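Here's the structure, in structure tokens; my notes come after.
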Amino acid sequence: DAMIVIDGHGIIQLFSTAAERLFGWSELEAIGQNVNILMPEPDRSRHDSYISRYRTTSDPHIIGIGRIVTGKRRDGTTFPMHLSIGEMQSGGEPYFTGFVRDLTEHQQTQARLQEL
Ligand code: HEM
């Protein structure tokens, strides 16, 4: 669905139309923001350390692994999503690309079914 590109500092460089629909931030609003604006606390507070940690250590926790996370929308409502990260690099700098699958639908069916 969503695609998003950050600099090695977690600043949003690119923001696809999907993500716009997914998160409810227009591309402009979104560009030049910290990516943490898309998650809840406590994650939202740590995200930078998530990044400085990987930079100095080169140990991947999501990169090439993938994970299921809670994402936060603009109007504050949260959701699950599968998150994948790609490391590229341009202008000598490392750039990260997030691909996002919304899982709201699956989680809700699974709840509904559990409930019945
Ligand atoms: C909006 C919801 C998001 C959440 C909740 C989330 C959560 C996380 C978590 C949990 C980690 C490392 C976990 C650990 O240390 O065990 C992480 C690391 C990282 N995330 Fe975020 N993420 C989100 C979106 C994004 C997006 C869209 C990108 C764009 C590329 C991104 C880039 C990164 C990078 C580069 C790392 C370090 C690499 C690694 O840990 O392998 N994140 N994030």
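Every chain in the structure tokens takes a letter, A first, then B, and so on in the order presented; its residues are numbered from 1, and the ligands are numbered from 1 following the presented order.
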Chain A near ligand 1 within 7 Å: what's each residue's closest atom pair and its distance in Å to one decimal, counting only C-alpha atoms and all ligand atoms, ordered by chain then ascending residue number, as a Markdown table?
```
| residue | atom | partner | partner_atom_place_in_ligand_line | distance |
| --- | --- | --- | --- | --- |
| A:4 | CA | ligand 1 | 27 (C) | 5.6 |
| A:5 | CA | ligand 1 | 30 (C) | 5.5 |
| A:6 | CA | ligand 1 | 30 (C) | 5.5 |
| A:10 | CA | ligand 1 | 32 (C) | 6.8 |
| A:35 | CA | ligand 1 | 26 (C) | 6.3 |
| A:36 | CA | ligand 1 | 1 (C) | 6.5 |
| A:38 | CA | ligand 1 | 1 (C) | 4.2 |
| A:39 | CA | ligand 1 | 1 (C) | 4.2 |
| A:40 | CA | ligand 1 | 5 (C) | 6.9 |
| A:43 | CA | ligand 1 | 5 (C) | 5.9 |
| A:47 | CA | ligand 1 | 43 (N) | 6.0 |
| A:50 | CA | ligand 1 | 18 (C) | 4.9 |
| A:51 | CA | ligand 1 | 37 (C) | 4.6 |
| A:54 | CA | ligand 1 | 37 (C) | 5.3 |
| A:59 | CA | ligand 1 | 41 (O) | 6.5 |
| A:60 | CA | ligand 1 | 41 (O) | 3.4 |
| A:61 | CA | ligand 1 | 41 (O) | 3.7 |
| A:62 | CA | ligand 1 | 41 (O) | 4.0 |
| A:63 | CA | ligand 1 | 41 (O) | 4.0 |
| A:69 | CA | ligand 1 | 5 (C) | 5.0 |
| A:70 | CA | ligand 1 | 5 (C) | 5.3 |
| A:71 | CA | ligand 1 | 2 (C) | 4.2 |
| A:72 | CA | ligand 1 | 1 (C) | 6.2 |
| A:83 | CA | ligand 1 | 24 (C) | 6.7 |
| A:85 | CA | ligand 1 | 30 (C) | 5.3 |
| A:86 | CA | ligand 1 | 30 (C) | 6.8 |
| A:96 | CA | ligand 1 | 30 (C) | 4.2 |
| A:97 | CA | ligand 1 | 30 (C) | 3.9 |
| A:98 | CA | ligand 1 | 30 (C) | 3.7 |
| A:99 | CA | ligand 1 | 27 (C) | 6.8 |
```
Store the residues picked out above, limited to C-alpha atoms, as a PDB file, in the first residue's frame.
```pdb
ATOM      1  CA  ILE A   4       7.680   6.178   2.399  1.00  0.00           C
ATOM      2  CA  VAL A   5      11.143   7.317   2.185  1.00  0.00           C
ATOM      3  CA  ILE A   6      13.309   8.708   4.966  1.00  0.00           C
ATOM      4  CA  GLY A  10      14.111   9.673   9.952  1.00  0.00           C
ATOM      5  CA  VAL A  35       8.656   9.609  10.530  1.00  0.00           C
ATOM      6  CA  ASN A  36       7.775   9.005  14.198  1.00  0.00           C
ATOM      7  CA  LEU A  38       3.215   8.063  12.142  1.00  0.00           C
ATOM      8  CA  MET A  39       3.544   5.935  15.321  1.00  0.00           C
ATOM      9  CA  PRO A  40       2.267   5.980  18.954  1.00  0.00           C
ATOM     10  CA  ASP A  43       7.631   3.852  19.840  1.00  0.00           C
ATOM     11  CA  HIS A  47      12.338   5.791  16.872  1.00  0.00           C
ATOM     12  CA  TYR A  50      16.008   2.801  16.721  1.00  0.00           C
ATOM     13  CA  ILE A  51      17.793   4.481  13.940  1.00  0.00           C
ATOM     14  CA  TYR A  54      21.133   0.508  13.614  1.00  0.00           C
ATOM     15  CA  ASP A  59      22.328  -4.995  13.058  1.00  0.00           C
ATOM     16  CA  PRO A  60      18.893  -5.327  11.482  1.00  0.00           C
ATOM     17  CA  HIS A  61      15.690  -5.738  13.535  1.00  0.00           C
ATOM     18  CA  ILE A  62      13.126  -5.098  10.760  1.00  0.00           C
ATOM     19  CA  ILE A  63      15.363  -4.640   7.780  1.00  0.00           C
ATOM     20  CA  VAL A  69       3.357  -2.949  14.034  1.00  0.00           C
ATOM     21  CA  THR A  70       0.693  -0.559  15.215  1.00  0.00           C
ATOM     22  CA  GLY A  71       0.613   2.507  12.976  1.00  0.00           C
ATOM     23  CA  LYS A  72      -0.993   5.850  14.056  1.00  0.00           C
ATOM     24  CA  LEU A  83       6.168  -3.019   7.954  1.00  0.00           C
ATOM     25  CA  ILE A  85      12.253  -1.666   5.398  1.00  0.00           C
ATOM     26  CA  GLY A  86      14.648  -1.319   2.460  1.00  0.00           C
ATOM     27  CA  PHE A  96      15.300   4.045   3.993  1.00  0.00           C
ATOM     28  CA  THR A  97      12.203   2.904   2.354  1.00  0.00           C
ATOM     29  CA  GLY A  98       9.208   1.675   4.232  1.00  0.00           C
ATOM     30  CA  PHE A  99       6.533  -0.441   2.617  1.00  0.00           C
TER      31      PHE A  99
END
```
Shell around residue 105 (chain A) at 10 Å using only C-alpha atoms, local window under 4 positions removed, as an mmCIF file with N, CA, C and O atoms, in the first residue's frame:
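selection-v5.cif written:
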```
data_model
loop_
_atom_site.group_PDB
_atom_site.id
_atom_site.type_symbol
_atom_site.label_atom_id
_atom_site.label_comp_id
_atom_site.auth_asym_id
_atom_site.auth_seq_id
_atom_site.Cartn_x
_atom_site.Cartn_y
_atom_site.Cartn_z
ATOM 1 N N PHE A 79 -3.743 1.488 13.990
ATOM 2 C CA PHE A 79 -4.000 0.290 13.213
ATOM 3 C C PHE A 79 -2.781 -0.600 13.097
ATOM 4 O O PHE A 79 -1.632 -0.162 13.322
ATOM 5 N N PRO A 80 -3.016 -1.868 12.709
ATOM 6 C CA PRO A 80 -1.859 -2.756 12.500
ATOM 7 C C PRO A 80 -1.496 -2.754 11.048
ATOM 8 O O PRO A 80 -2.328 -2.527 10.138
ATOM 9 N N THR A 109 -11.640 -9.164 11.234
ATOM 10 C CA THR A 109 -12.273 -10.448 10.909
ATOM 11 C C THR A 109 -11.909 -11.483 11.937
ATOM 12 O O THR A 109 -12.732 -12.276 12.377
ATOM 13 N N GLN A 110 -10.641 -11.463 12.296
ATOM 14 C CA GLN A 110 -10.136 -12.397 13.243
ATOM 15 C C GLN A 110 -10.772 -12.168 14.601
ATOM 16 O O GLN A 110 -11.156 -13.124 15.247
ATOM 17 N N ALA A 111 -10.883 -10.914 15.027
ATOM 18 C CA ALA A 111 -11.666 -10.590 16.207
ATOM 19 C C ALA A 111 -13.124 -11.057 16.049
ATOM 20 O O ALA A 111 -13.674 -11.727 16.963
#
```
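The closest residue to residue 19 (chain A), picked from A:101, A:53, A:67, A:112 and counting only C-alpha atoms, is A:101.
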So which residues of chain A fall under helix (DSSP H, G or I) by DSSP, listed as JSON, numbers by chain?
{"A": [17, 18, 19, 20, 21, 22, 23, 27, 28, 29, 30, 35, 36, 37, 38, 43, 44, 45, 46, 47, 48, 49, 50, 51, 52, 53, 54, 55, 56, 57, 104, 105, 106, 107, 108, 109, 110, 111, 112, 113, 114]}
With distances taken over only C-alpha atoms, which of A:114, A:15, A:76, A:65 is nearest to residue 41 (chain A)?
A:76
